[PDB]
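**Student:** My questions all concern the structure below.
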Amino acid sequence: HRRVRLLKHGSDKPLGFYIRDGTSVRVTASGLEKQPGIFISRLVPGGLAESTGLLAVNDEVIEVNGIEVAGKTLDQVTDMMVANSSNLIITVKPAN
Amino acid sequence: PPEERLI
């Protein structure tokens, strides 16, 4: 896991990434068990997230500012992020 | 609902 801080410049400018629903493959004593998850689907060209080189397409979003997204909907998680947009920190599980 | 959300 990596904690990624995303800075915000314009009040009207987005942090520069899209999120989507996905499937997380996770490990349990039984074996690999699928679970719903939230992922970065793409980055805005020229945007803030891109420019950092810290977020990648298909990184899995694990937490928004310390709060796990497990069990939340895509809209709920979107609302968490934008609320926190001035000081957004996301814990990701990198695709690489 | 929409399948992608801009942040």
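Order determines the names: the first chain of the structure tokens is A, the second B, and so forth; residues in each chain are numbered 1 upward, and ligands are numbered 1 upward as they are shown.
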Can you pull out every residue within 12 Å of residue 18 (chain A), counting only C-alpha atoms, but drop anything in the same chain fewer than 5 positions away, and send it as a PDB file with N, CA, C and O atoms, in the first residue's frame?
**Tutor:**
ATOM      1  N   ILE A  38     -12.751  -0.315  -5.482  1.00  0.00           N
ATOM      2  CA  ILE A  38     -12.759   0.908  -6.252  1.00  0.00           C
ATOM      3  C   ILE A  38     -11.404   1.084  -6.883  1.00  0.00           C
ATOM      4  O   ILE A  38     -10.430   0.884  -6.238  1.00  0.00           O
ATOM      5  N   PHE A  39     -11.378   1.448  -8.156  1.00  0.00           N
ATOM      6  CA  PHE A  39     -10.146   1.585  -8.896  1.00  0.00           C
ATOM      7  C   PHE A  39     -10.079   2.881  -9.669  1.00  0.00           C
ATOM      8  O   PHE A  39     -11.085   3.451  -9.997  1.00  0.00           O
ATOM      9  N   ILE A  40      -8.859   3.306  -9.943  1.00  0.00           N
ATOM     10  CA  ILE A  40      -8.633   4.433 -10.814  1.00  0.00           C
ATOM     11  C   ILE A  40      -8.800   3.975 -12.239  1.00  0.00           C
ATOM     12  O   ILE A  40      -8.153   3.093 -12.635  1.00  0.00           O
ATOM     13  N   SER A  41      -9.722   4.559 -12.970  1.00  0.00           N
ATOM     14  CA  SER A  41     -10.010   4.117 -14.305  1.00  0.00           C
ATOM     15  C   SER A  41      -9.216   4.842 -15.362  1.00  0.00           C
ATOM     16  O   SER A  41      -8.954   4.298 -16.390  1.00  0.00           O
ATOM     17  N   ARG A  42      -8.851   6.076 -15.088  1.00  0.00           N
ATOM     18  CA  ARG A  42      -8.025   6.849 -16.010  1.00  0.00           C
ATOM     19  C   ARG A  42      -7.608   8.171 -15.384  1.00  0.00           C
ATOM     20  O   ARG A  42      -8.132   8.567 -14.339  1.00  0.00           O
ATOM     21  N   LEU A  43      -6.676   8.857 -16.041  1.00  0.00           N
ATOM     22  CA  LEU A  43      -6.212  10.164 -15.590  1.00  0.00           C
ATOM     23  C   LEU A  43      -6.552  11.246 -16.609  1.00  0.00           C
ATOM     24  O   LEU A  43      -6.557  11.002 -17.815  1.00  0.00           O
ATOM     25  N   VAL A  44      -6.849  12.438 -16.110  1.00  0.00           N
ATOM     26  CA  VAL A  44      -7.133  13.577 -16.967  1.00  0.00           C
ATOM     27  C   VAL A  44      -5.842  14.053 -17.632  1.00  0.00           C
ATOM     28  O   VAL A  44      -4.828  14.267 -16.956  1.00  0.00           O
ATOM     29  N   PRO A  45      -5.855  14.172 -18.972  1.00  0.00           N
ATOM     30  CA  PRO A  45      -4.673  14.720 -19.653  1.00  0.00           C
ATOM     31  C   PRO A  45      -4.313  16.101 -19.120  1.00  0.00           C
ATOM     32  O   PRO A  45      -5.186  16.966 -19.014  1.00  0.00           O
ATOM     33  N   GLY A  47      -3.647  16.968 -16.217  1.00  0.00           N
ATOM     34  CA  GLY A  47      -4.179  17.286 -14.907  1.00  0.00           C
ATOM     35  C   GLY A  47      -3.204  17.062 -13.771  1.00  0.00           C
ATOM     36  O   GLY A  47      -2.103  16.546 -13.967  1.00  0.00           O
ATOM     37  N   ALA A  49      -3.187  14.970 -11.027  1.00  0.00           N
ATOM     38  CA  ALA A  49      -2.794  13.597 -10.717  1.00  0.00           C
ATOM     39  C   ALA A  49      -1.732  13.067 -11.678  1.00  0.00           C
ATOM     40  O   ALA A  49      -0.767  12.421 -11.255  1.00  0.00           O
ATOM     41  N   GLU A  50      -1.935  13.327 -12.964  1.00  0.00           N
ATOM     42  CA  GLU A  50      -0.986  12.908 -13.980  1.00  0.00           C
ATOM     43  C   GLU A  50       0.385  13.450 -13.621  1.00  0.00           C
ATOM     44  O   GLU A  50       1.408  12.868 -13.985  1.00  0.00           O
ATOM     45  N   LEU A  55      -0.086   8.339  -9.202  1.00  0.00           N
ATOM     46  CA  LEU A  55      -1.244   7.475  -9.418  1.00  0.00           C
ATOM     47  C   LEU A  55      -1.210   6.866 -10.815  1.00  0.00           C
ATOM     48  O   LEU A  55      -0.781   7.511 -11.781  1.00  0.00           O
ATOM     49  N   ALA A  56      -1.658   5.619 -10.923  1.00  0.00           N
ATOM     50  CA  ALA A  56      -1.703   4.951 -12.220  1.00  0.00           C
ATOM     51  C   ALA A  56      -3.080   4.372 -12.483  1.00  0.00           C
ATOM     52  O   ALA A  56      -3.828   4.067 -11.543  1.00  0.00           O
ATOM     53  N   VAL A  57      -3.424   4.222 -13.759  1.00  0.00           N
ATOM     54  CA  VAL A  57      -4.653   3.524 -14.101  1.00  0.00           C
ATOM     55  C   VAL A  57      -4.663   2.144 -13.427  1.00  0.00           C
ATOM     56  O   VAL A  57      -3.638   1.456 -13.371  1.00  0.00           O
ATOM     57  N   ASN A  58      -5.820   1.757 -12.901  1.00  0.00           N
ATOM     58  CA  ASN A  58      -5.994   0.444 -12.274  1.00  0.00           C
ATOM     59  C   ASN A  58      -5.356   0.277 -10.887  1.00  0.00           C
ATOM     60  O   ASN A  58      -5.390  -0.825 -10.332  1.00  0.00           O
ATOM     61  N   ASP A  59      -4.774   1.341 -10.329  1.00  0.00           N
ATOM     62  CA  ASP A  59      -4.435   1.323  -8.907  1.00  0.00           C
ATOM     63  C   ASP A  59      -5.743   1.103  -8.159  1.00  0.00           C
ATOM     64  O   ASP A  59      -6.775   1.632  -8.562  1.00  0.00           O
ATOM     65  N   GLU A  60      -5.717   0.337  -7.078  1.00  0.00           N
ATOM     66  CA  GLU A  60      -6.936   0.156  -6.301  1.00  0.00           C
ATOM     67  C   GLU A  60      -6.988   1.136  -5.138  1.00  0.00           C
ATOM     68  O   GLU A  60      -6.032   1.252  -4.364  1.00  0.00           O
ATOM     69  N   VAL A  61      -8.112   1.829  -5.003  1.00  0.00           N
ATOM     70  CA  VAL A  61      -8.305   2.746  -3.885  1.00  0.00           C
ATOM     71  C   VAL A  61      -8.729   1.952  -2.647  1.00  0.00           C
ATOM     72  O   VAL A  61      -9.797   1.345  -2.641  1.00  0.00           O
ATOM     73  N   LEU A  74     -19.870   3.590  -5.437  1.00  0.00           N
ATOM     74  CA  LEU A  74     -19.002   4.499  -6.181  1.00  0.00           C
ATOM     75  C   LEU A  74     -19.372   5.949  -5.899  1.00  0.00           C
ATOM     76  O   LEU A  74     -18.493   6.805  -5.810  1.00  0.00           O
ATOM     77  N   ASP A  75     -20.664   6.230  -5.745  1.00  0.00           N
ATOM     78  CA  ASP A  75     -21.098   7.594  -5.428  1.00  0.00           C
ATOM     79  C   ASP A  75     -20.703   8.058  -4.023  1.00  0.00           C
ATOM     80  O   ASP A  75     -20.329   9.227  -3.820  1.00  0.00           O
ATOM     81  N   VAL A  77     -18.097   6.941  -2.375  1.00  0.00           N
ATOM     82  CA  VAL A  77     -16.654   7.159  -2.368  1.00  0.00           C
ATOM     83  C   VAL A  77     -16.310   8.460  -3.112  1.00  0.00           C
ATOM     84  O   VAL A  77     -15.418   9.214  -2.691  1.00  0.00           O
ATOM     85  N   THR A  78     -17.035   8.751  -4.189  1.00  0.00           N
ATOM     86  CA  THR A  78     -16.835  10.025  -4.890  1.00  0.00           C
ATOM     87  C   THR A  78     -17.079  11.200  -3.940  1.00  0.00           C
ATOM     88  O   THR A  78     -16.271  12.129  -3.887  1.00  0.00           O
ATOM     89  N   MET A  81     -14.220  11.750  -1.469  1.00  0.00           N
ATOM     90  CA  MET A  81     -13.040  12.325  -2.059  1.00  0.00           C
ATOM     91  C   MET A  81     -13.208  13.820  -2.279  1.00  0.00           C
ATOM     92  O   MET A  81     -12.382  14.567  -1.910  1.00  0.00           O
ATOM     93  N   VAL A  82     -14.301  14.223  -2.866  1.00  0.00           N
ATOM     94  CA  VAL A  82     -14.478  15.638  -3.140  1.00  0.00           C
ATOM     95  C   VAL A  82     -14.620  16.467  -1.880  1.00  0.00           C
ATOM     96  O   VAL A  82     -14.262  17.589  -1.859  1.00  0.00           O
TER      97      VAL A  82
ATOM     98  N   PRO B   2     -24.031   6.116 -13.041  1.00  0.00           N
ATOM     99  CA  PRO B   2     -22.855   6.288 -13.890  1.00  0.00           C
ATOM    100  C   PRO B   2     -21.721   5.345 -13.537  1.00  0.00           C
ATOM    101  O   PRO B   2     -21.554   5.155 -12.373  1.00  0.00           O
ATOM    102  N   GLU B   3     -20.970   4.826 -14.488  1.00  0.00           N
ATOM    103  CA  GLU B   3     -19.910   3.884 -14.185  1.00  0.00           C
ATOM    104  C   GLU B   3     -18.516   4.444 -13.937  1.00  0.00           C
ATOM    105  O   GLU B   3     -17.646   3.701 -13.626  1.00  0.00           O
ATOM    106  N   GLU B   4     -18.337   5.747 -14.100  1.00  0.00           N
ATOM    107  CA  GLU B   4     -17.069   6.412 -13.912  1.00  0.00           C
ATOM    108  C   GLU B   4     -17.325   7.723 -13.248  1.00  0.00           C
ATOM    109  O   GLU B   4     -18.312   8.304 -13.503  1.00  0.00           O
ATOM    110  N   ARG B   5     -16.453   8.164 -12.364  1.00  0.00           N
ATOM    111  CA  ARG B   5     -16.652   9.430 -11.689  1.00  0.00           C
ATOM    112  C   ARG B   5     -15.402  10.289 -11.647  1.00  0.00           C
ATOM    113  O   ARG B   5     -14.422   9.881 -11.158  1.00  0.00           O
ATOM    114  N   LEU B   6     -15.507  11.504 -12.138  1.00  0.00           N
ATOM    115  CA  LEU B   6     -14.381  12.419 -12.152  1.00  0.00           C
ATOM    116  C   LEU B   6     -14.085  12.956 -10.761  1.00  0.00           C
ATOM    117  O   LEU B   6     -14.981  13.397 -10.066  1.00  0.00           O
ATOM    118  N   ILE B   7     -12.817  12.933 -10.378  1.00  0.00           N
ATOM    119  CA  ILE B   7     -12.382  13.472  -9.097  1.00  0.00           C
ATOM    120  C   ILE B   7     -11.440  14.652  -9.358  1.00  0.00           C
ATOM    121  O   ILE B   7     -10.610  14.571 -10.274  1.00  0.00           O
TER     122      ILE B   7
END
**Student:** At a cut-off of 6 Å, list the chain A residues touching chain B, using only C-alpha atoms, as a list in words.
**Tutor:**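 Taking only C-alpha atoms into account, residues 14, 15, 17, 18, 19 and 20 of chain A sit within 6 Å of chain B.
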**Student:** For residue 87 (chain A), please output as a count of residues only all residues within 8 Å (counting only C-alpha atoms; exclusion window: fewer than 4 positions along the same chain).
**Tutor:** 4
**Student:** With distances taken over only C-alpha atoms, which of A:85, A:28, A:65, A:35 is nearest to residue 12 (chain A)?
**Tutor:**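 Counting only C-alpha atoms, the residue closest to residue 12 (chain A) is A:85.
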**Student:** So that I can see what lies close to residue 26 (chain A), please list as number ranges by chain the residues with an atom at most 12 Å from it, counting only C-alpha atoms and leaving out residues fewer than 4 positions away in the same chain.
**Tutor:** A: 30-37, 60, 93
**Student:** Given the choices A:29, A:11, A:22, A:4, which gets closest to residue 73 (chain A) if the distance is worked out from only C-alpha atoms?
**Tutor:**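 Of all the options, A:22 lies closest to residue 73 (chain A).
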**Student:** Give me every strand (DSSP E or B) residue in chain A, going by DSSP on the backbone, as a PyMOL selection string.
**Tutor:** chain A and resi 2-6+17-27+32-43+60-64+67-68+88-93
**Student:** Quote the spacing between CA of residue 94 (chain A) and CA of residue 80 (chain A) in Å to one decimal place.
**Tutor:**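 According to the coordinates, CA of residue 94 (chain A) and CA of residue 80 (chain A) are separated by 20.1 Å.
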